[PDB]
Structures are given as C-alpha cells and as structure tokens.
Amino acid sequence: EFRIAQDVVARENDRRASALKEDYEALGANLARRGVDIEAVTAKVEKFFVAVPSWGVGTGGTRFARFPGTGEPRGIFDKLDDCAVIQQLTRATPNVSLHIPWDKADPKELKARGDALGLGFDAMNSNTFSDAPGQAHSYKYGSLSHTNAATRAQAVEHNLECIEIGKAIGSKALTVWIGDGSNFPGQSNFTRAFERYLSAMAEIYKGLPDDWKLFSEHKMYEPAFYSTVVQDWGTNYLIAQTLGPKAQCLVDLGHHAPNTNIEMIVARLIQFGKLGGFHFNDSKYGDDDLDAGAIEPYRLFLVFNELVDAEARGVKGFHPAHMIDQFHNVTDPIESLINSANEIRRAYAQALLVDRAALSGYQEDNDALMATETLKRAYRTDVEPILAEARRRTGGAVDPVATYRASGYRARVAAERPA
C-alpha cells in the first residue's frame, strides 16, 4: 500500500524532472573534473538509511505547552502510517524506532502493520523516566540507580519486557536513556548511584539476546538539574566497557555541554570500539531536539566526516546505528522528519566527496589552511541533485515536501482523525 498516491508522486517528479536533469548533469561534470564519479556517490546515498522516531511523528511539546496540529496520530498505528509517508517520499527511513510504553501494542500486530507498510524496526527504547498509571514504584527519585531495590528491579523488568517486544517485531537492540540524577548537591552519592546503575544494567545485559546490542545514552542534564548518572561520554565509555562486547555508547548530538567538540567524541568512541550509534537532531541552547542541520549544518557534516574517515582508515566491524531523535513543536512533524532525513543524507553525501588522499597529505605536512579548505571543498558542494536523483530512482520524490503538500495527506488524515 502507498500512503501517497503513486500518480501524484509521478506527476510531481515529472514536473521537476527537467530541472533535475540539468542540475544533476551539471554536478556530474563538475565532480568528474574533480576526479569523482557522481554515480558512485548517488549509489551510496540511496543506501544510507536513518531510523525515524515514533515520537517524532506527532507534535511535541515543552514543559510549558504543547500545540497540536490537525490530524494528530492517535497512537502507534497512526504513527506507523505517517512514517510510511516519510519512507515512501525520502526512501531514507525504512525503519522505525519504538518507545515503550508510549508505543505499547500487540507486537504481532505492529509487525503485521510494519510489513504491510514496508517498514522495519530499529532499536527499542525503554522508558523509566516517567510513571505509568498503576505503577507500583515511582521513578521520581530514579530508576535503574534508585536507592530502593524493588524500584530498580521494576526498572530492569521493564527493560526486559522491551526486549521481548523487540524480539517479536524484528528489533535487534535496546537503547537505555534515563533521567536518573539529582537536583541538589548531596541528594545523591555520585559513586554509589553509579554503582547501582551498573549493577542494574548488568542484569539487563544478562537478559540481552546474543544477536542484540545494548546502547546507553549519556546526557549532561534534564530532567536532573544538578547531576546526572550517565552525564557524558566518559561515564558512557566506562559503562559500555564494564558491561561487555554487546554494550556500546549512543551519542545524541544535543546532549553535550556548550561548545563541546562532538565530532571528537565520535572519533574517540570509534577508536575504542564503543560507538553504538547516533541520535540525530540540531540545537542552539540545550537539548532542543530541532530538525537535523537546521542550526549548525557544518557540525553535522564534521560528524559524518569522522564516520567516513573511519572507513577510509580501514576500521572494520563498524556499522553504527543511525536514528533521528527529534520533537517537532511548530511544524508538520512529517515534513520536518522528511527534511531532517534529507539533511543527514546531505551531510553524508558531502563527507563522501572529501579528497582523503589530499587531506592526508595536508595533515601530514601541517598545512592547516589547505586541510580545512579540503574539507570545505566537499561541504560547499551542493549535493541536492544527488539526493533528489537517489530518491527519484528509488521510488521517492524529487521534492518530498512539495509532493507531500501536493498530495493533501495532512488534510486527509485530519478528516480521518479526531481533532
């Protein structure tokens, strides 16, 4: 089934075919003059996939308010339908990231709906940062690192339940992000809290399938405003190293202190084999969770530069999980996810254009200016023609958002869904 009529996609592609051909051939010639085969780039671009968050499909909110749009998805099933649109048009988001209990539903049915829509499932995400009605023990003061044994046990059990749901739908990993920390100095004993967390995570690791990975996600602050147990990549490394080979670190771009060189963290984790994956988004102040690349596109390019370099250096067994973790508070969630996915492919595409041989020589000779200009020659390249062509060739739209709007999908779901 196709959420967006195929005739609309065809019509909107034909409407832009002429211009695209000119832009693509123009870029192809320019790249050839630079010794790059544009076909080789497009080929890799159409293979780059990033998972879409179920929680990004509906309108998000802040601690102050939530302003829903029309046709808000009623549950995980409506969310999957909307995710299908993103994948149909960008062809870059074949897998969906689920969050439990937000997306709790019959696993078998989730699998059926996913298969019918042509969608897969990425890492599962546990939730012990909020209480569910009728919950025996509250996570107000923590979960996996809570002082109360029963509360930790409950948190662990919930994570095991997430694993069970994931196994039913085809997921192969569990991402653990908790709000555990303190809001006041002295409230928590930093070391003891971390010891409890490590002990609890060891129990989850014990119940982790051998064809699964366990991802721990660090965050400097929020919901905890004084200290957070898994506060940065340093603590995260200690966790992954301590737990085992199947445990790795997940880097969410917006979870770092102001001015942090995030691309270096990525490099460090790769070198020591603990870079499990990414949670893509952009920010300017805190964990803003804005559309990827909308604030600092160069930074996004530099992160991918490290990923591509890893391959170039011959790093092996390197297959980071890529996921978008965003909240869309003032835009059509589907549109933002579409352009965010496009932006991630944009950064990846530019990273592929870096002349590694040239860069290597400038680094060795300490020619900083030419080294940075070598990175810029790649970043400054407008790879949109490649992104559009990759989409067109794989059943997607030349201009996803334009086709999305031309289809009238939002008004359609608005009529189908309550207000």
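All residue numbers are counted from 1 along the displayed sequence.
Trainee: Averaging C-alpha B-factors over each stretch, which comes out higher, 316-324 or 202-210?
Mentor: Per the PDB record, 316-324.
Trainee: Pick between 75-83 and 267-275: the one whose mean CA B-factor in the entry is higher.
Mentor: Higher mean C-alpha B-factor in the PDB entry: 75-83.
Trainee: Comparing recorded Cα B-factors across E384, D37, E373, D355, which one is largest?
Mentor: Of the options given, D37 has the highest CA B-factor in the PDB entry.
Trainee: Taking the C-alpha B-factors as the PDB entry records them, is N148 in the lowest, middle or highest third of its chain?
Mentor: For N148, the deposited C-alpha B-factor lands in the highest third.
Trainee: Classify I239 as lowest, middle or highest third according to the C-alpha B-factor given in the PDB entry, relative to its own chain.
Mentor: Tercile = lowest for this residue's CA B-factor.
Trainee: Could you place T394 in the lowest, middle or highest third of its chain by Cα temperature factor, using the values in the record?
Mentor: For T394, the deposited C-alpha B-factor lands in the highest third.
Trainee: Taking the entry's C-alpha B-factors for this chain, is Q187 in the lowest, middle or highest third?
Mentor: Its C-alpha B-factor belongs to the lowest third of this chain's values.
Trainee: Lowest, middle or highest third: where is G134 by Cα B-factor in its chain?
Mentor: For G134, whose C-alpha B-factor we compare with every modelled residue in the chain, the answer is the highest third.
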